[PDB]
């Protein structure tokens, strides 16, 4: 228990962003390395992982591999995300609420390694910056991406200084051409109750 190994499975809500949850994940170590149940439906529903994730019976698992200082975000595609780390690496995770209402623009940040996971509700922008030499970032989502639909998706620029966030190393961030060109928050229309 505590730093990395042997934590008790547990969940905490994030007060600034309704619907978000942070989980402590049990990681069991031995001579070989380690093992975790990254996601376990039966054990996690009683802790607050939302049953609504399963509404349409859709499932996709993505994995990205990234080097130190790489920054990906901030992206608010129209689906829920369950995010964690799959190797020995570490990221600074960062979130900005894009939903219409009293929490528009609210933020949260925390360090994520293999012993922590995050549930991100649809309408909350996701991003991270790599702290370790490399990292494998693995996530479960409940709708299907298509290239031609990207203009329909919500994004916000990582470097908008008006956002209440602080990156690890903004100056040395390694980003995509796309992430360089996303709009500032002032040009993002708040998202209505799942588009209504």
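Numbering follows the first chain given and starts at 1.
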Average Cα temperature factor in the PDB entry - higher stretch of 162 to 170, 37 to 45: 162 to 170
Do the CA atoms of 187 to 195 or those of 1 to 9 have the higher mean B-factor in the entry? 187 to 195
Given 62, 142, 129, 31, identify the residue with the highest C-alpha B factor in the PDB entry. 31
Would you mind checking where the Cα B-factor of residue 102 ranks among the modelled residues of its chain, as the lowest, middle or highest third? highest
